[PDB]
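Asker: compute the structure for the input listed below.
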Amino acid sequence: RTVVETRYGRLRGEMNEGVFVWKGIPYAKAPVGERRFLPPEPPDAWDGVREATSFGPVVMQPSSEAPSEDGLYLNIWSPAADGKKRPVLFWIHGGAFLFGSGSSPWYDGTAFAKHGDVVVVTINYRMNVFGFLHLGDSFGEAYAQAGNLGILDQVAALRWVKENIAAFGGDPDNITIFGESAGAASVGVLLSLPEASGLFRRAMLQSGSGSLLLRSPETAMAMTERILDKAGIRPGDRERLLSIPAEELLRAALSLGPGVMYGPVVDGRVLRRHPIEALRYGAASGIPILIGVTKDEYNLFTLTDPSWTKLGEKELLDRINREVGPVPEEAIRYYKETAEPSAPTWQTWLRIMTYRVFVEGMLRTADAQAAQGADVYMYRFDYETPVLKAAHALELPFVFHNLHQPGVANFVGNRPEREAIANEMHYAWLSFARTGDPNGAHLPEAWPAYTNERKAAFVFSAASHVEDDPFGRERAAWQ
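Answerer: Numbering: from 1, shown residues only. For reference, the structure is listed below:
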């Protein structure tokens, strides 16, 4: 029962906690050598039973084997490899398109599989300079898609599942794609992608949207120019581009520091238009979504960049305007009125960042989908949970019910309470993937669908409840 036959050959998995797991399955040919910076290609078939008991290496990233360009692998968890057509949850990890992997223990699919009788798939996709180096036409038409290779890898993994998941006990016609932060931005992009249309039935976006980390061609090209200089690669020198060692190319890129931000590029080749705008044109009509945000998420960014908490009010405001401005005066007045008397100054203003980077994107996405007539379920995660990371969503452990897993901010205190919230989110996510509706007795009260009329959203906290148009006042302040 551990051996499964796919279109490319047989795979041997292993038993774990009562469920079956297959690790390190290649979903595309290794993008090394002459295949570097090129779209993903179908993996080569093999004879015999390939071992799928160990995770494959993770993609190149700043550093269990060592990171490698040969990291296009996926992992599968299932109650049993049969023909029960179970819902399929396809996870796209976050990490600012810079680091991370589907093999990280906090994404272990055992709980979802065991508690919901669903199949779970987690993947790796090319990141940073290997997956998002926008070359444009600088090195020829063959590399015109280099700026979005990470997205293309995700699509290639999705096609592999659509084509082979049935053998692992999953239903190819009931795939729900979900992700957090950069992973949610990836979901947002795929929702708008013609090439991915029909590959999945539903989507869930946790603290992210198609606008998160999205770059314009001009912006992306400017970054590429700096990277190539640091790497000693002359524009148009395909030879050096392909022979430079992976570690050296990665070091060159990282030396630019957190100034360089990776992400999808509306390059007119892979992404023809803004991911959210596309939704307005029906790119994802008929695709239900569950979407939400982590309360005051940008505060978490000050942990990685303390500079925000050491700027004068005027000096802080200017930095915000530079990054997400222009900020209308109506908005400023709103934030001064809602400020917390006991909280430091920067916390008042950083709320502008939380809104522009996370809330607006979610609201635009929900409004676009609702306008198309598709069901939308919106939420705000308020539970205060403890904490070196690039992205800062906080729902993950509760959604995956991986509170035990190592690496997780597992600290003493409120065990029963942490369990209650997990039992609410875990099962609501399972219900959405199963039937397109997160409702059930696992929720203290009904979670109404998001409509322009009521704009209802579920609030997950120690005492979860429904709130009508909670972002209303704030939105009005800007619009």
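Asker: need the strands for the stretch 101-250 of the chain, in chain order.
Answerer: 119-123, 170-180, 202-206 (DSSP state E, counting those that start in this stretch).
Asker: and what of the stretch 301-450 of the chain?
Answerer: Using DSSP E, counting those that start in this stretch, strands in the stretch 301-450 of the chain cover 376-381.
Asker: where along it do the helices fall?
Answerer: 313-324, 329-338, 345-354, 360-371, 396-400, 415-435 (DSSP state H, counting those that start in this stretch).
Asker: so how far is residue 307 from the nearest residue to residue 158 once chain neighbours are set aside?
Answerer: Distances taken as CB to CB, 6 or more residues apart in numbering place residue 199 nearest to residue 158, at 4.8 Å, with adjacent residues excluded. All C-beta atoms are positioned from the backbone trio N, CA, C, and that covers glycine. Taking CB to CB, to the nearest Å as the measure, residue 199 falls 41 Å from residue 307.
Asker: tell me the bridge partners for residue 203.
Answerer: residue 177, residue 289 (DSSP bridges).
Asker: quick check: it touching residue 283?
Answerer: No: under the criterion of CB atoms under 8 Å, residue 203 makes no contact with residue 283, lying 12.0 Å away.
Asker: now for these two: what residues contact both?
Answerer: Common neighbours of residue 203 and residue 283 (criterion: CB atoms under 8 Å, 6 or more residues apart in numbering): residue 191.
Asker: pick the most buried one from the strands of the stretch 101-250 of the chain.
Answerer: strand 119-123 (a mean of 28; mean count of other CB atoms under 10 Å).
Asker: the more surrounded of residue 199 and residue 307?
Answerer: Taking other CB atoms under 10 Å, residue 199 and residue 307 do not tie; residue 199 has more neighbours (17 against 10).
Asker: wait, what's in contact with the more buried one?
Answerer: Listed by CB under 8 Å, 6+ apart, the contact set of residue 199 reads 155, 158, 159, 162, 175, 190.
Asker: not counting sequence-adjacent ones, nearest residue to the first one?
Answerer: To tie it back to what came earlier, the one meant is residue 155. residue 196 (5.2 Å).
Asker: neighbours of residue 249, how many?
Answerer: Residue 249, neighbours per other CB under 10 Å, totals 25.
Asker: hang on, the earlier thing: in helices, which of the contacts of residue 199 fall?
Answerer: Residues of the contacts of residue 199 located in helices (DSSP state H): 155, 158, 159, 162, 190.
Asker: any idea how far the third one lies from residue 362?
Answerer: Distance of residue 159 to residue 362, given as CB to CB: 28 Å.
Asker: quick one: which of the two has more around it?
Answerer: The residue with more neighbours, out of residue 159 and residue 362, is residue 362; 26 against 17, by other CB under 10 Å.
Asker: quick check: the more buried one touching residue 210?
Answerer: No: counting by CB under 8 Å, residue 362 sits too far from residue 210 to count as a contact (10.1 Å).
Asker: could the strands of the stretch 101-250 of the chain go into TSV alongside distance to residue 92?
Answerer: What follows is the strands of the stretch 101-250 of the chain, written out as TSV (distance: least, CB to CB, whole Å):
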stretch	distance to residue 92
strand 119-123	7
strand 170-180	3
strand 202-206	10
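Asker: tell me the contacts of residue 179?
Answerer: Contacts of residue 179 by CB under 8 Å, 6+ apart are 91, 92, 93, 94, 185, 186, 187, 204, 205, 206, 208.
Asker: switch to 6 Å and redo it
Answerer: 92, 186, 187 (CB atoms under 6 Å, 6 or more residues apart in numbering).
Asker: ok, now residue 59?
Answerer: 71, 124, 126, 127.
Asker: against residue 88, how distant is it?
Answerer: Where residue 88 is concerned, residue 59 sits at a distance of 23 Å (CB to CB).
Asker: show me which of the contacts of residue 59 is closest to residue 169.
Answerer: Distance to residue 169 across the contacts of residue 59 (CB to CB) is lowest for residue 124, with 22.2 Å.
Asker: neighbours around the closest one, how many?
Answerer: Quick note: residue 124 (other CB under 10 Å) scores 27 neighbours.
Asker: same check, this time on residue 50
Answerer: Residue 50, neighbours per other CB under 10 Å, totals 17.
Asker: what of residue 271?
Answerer: 23.
Asker: sec struct for it, please.
Answerer: Here residue 271 is recorded as coil under DSSP: H, G, I helix; E, B strand; the rest coil.
Asker: which residues sit in contact with it?
Answerer: Shown in contact with residue 271 (CB under 6 Å, 6+ apart): residue 264.
Asker: tell me which element residue 454 falls in.
Answerer: Applying DSSP states H and E as the criterion places residue 454 outside every helix and strand.
Asker: and the nearest residue to it once chain neighbours are set aside, how close does it get to residue 291?
Answerer: Nearest non-adjacent residue to residue 454, counting by CB to CB, 6+ apart: residue 468, 5.6 Å away. Residue 468 sits 17 Å away from residue 291, going by CB to CB.
Asker: more neighbours, the two?
Answerer: Neighbour totals were compared for residue 468 and residue 291, and residue 291 leads with 27 against 11 (other CB under 10 Å).
Asker: give me phi/psi at the more buried one?
Answerer: As for residue 291, its main-chain torsions (degrees, to the nearest 10) stand at phi -140, psi 150.
Asker: hmm, residue 205 and it touching each other?
Answerer: Yes: here residue 291 lies in contact with residue 205, judged by CB atoms under 6 Å, at a distance of 4.3 Å.
Asker: check contacts around the residue lying closest to residue 375 once chain neighbours are set aside.
Answerer: Leaving aside its chain neighbours, residue 375 sits nearest to residue 288 (4.4 Å; criterion: CB to CB, 6+ apart). Residues counted as contacts of residue 288 (CB under 6 Å, 6+ apart) are 202, 374, 375, 436.
Asker: wait, what's in contact with the second one?
Answerer: Residue 374 makes contact with 286, 287, 288 under the criterion CB under 6 Å, 6+ apart.
Asker: sec struct for the first one, please.
Answerer: Translated: residue 286. coil.
Asker: relative to residue 365, how far out is the closest residue to it other than its chain neighbours?
Answerer: Using CB to CB, 6+ apart and skipping the chain neighbours, the partner closest in space to residue 286 is residue 374 (6.0 Å). From residue 374 across to residue 365, the span is 11 Å (CB to CB).
Asker: and the residue nearest the centre of the chain, what does it touch?
Answerer: Central residue of the chain (CA atoms, centre = their mean): residue 183, 0.7 Å from the mean position. Going by CB under 6 Å, 6+ apart, residue 183 touches 92, 93, 94.
Asker: among those residues, which ones are in strands?
Answerer: If you go by DSSP state E, the contacts of residue 183 have residue 92 in strands.
Asker: including distance to residue 102 and neighbour count, could the contacts of residue 183 go into CSV?
Answerer: Output for the contacts of residue 183, formatted as CSV (distance: CB to CB, whole Å; neighbours: other CB atoms under 10 Å):
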residue, distance to residue 102, neighbour count
92, 8, 31
93, 6, 25
94, 11, 27
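Asker: which one of the contacts of residue 183 is nearest residue 108?
Answerer: Of these, the one sitting nearest to residue 108 (CB to CB) turns out to be residue 93, at 12.1 Å.
Asker: surely the closest one is in contact with residue 100?
Answerer: Yes: between residue 93 and residue 100 there is a contact at 4.5 Å, judged by CB under 6 Å.
Asker: just the helices in the stretch 101-250 of the chain please.
Answerer: With DSSP H, counting those that start in this stretch as the criterion, the stretch 101-250 of the chain has helices spanning 110-116, 128-131, 149-164, 182-192, 217-231, 238-243, 246-254.
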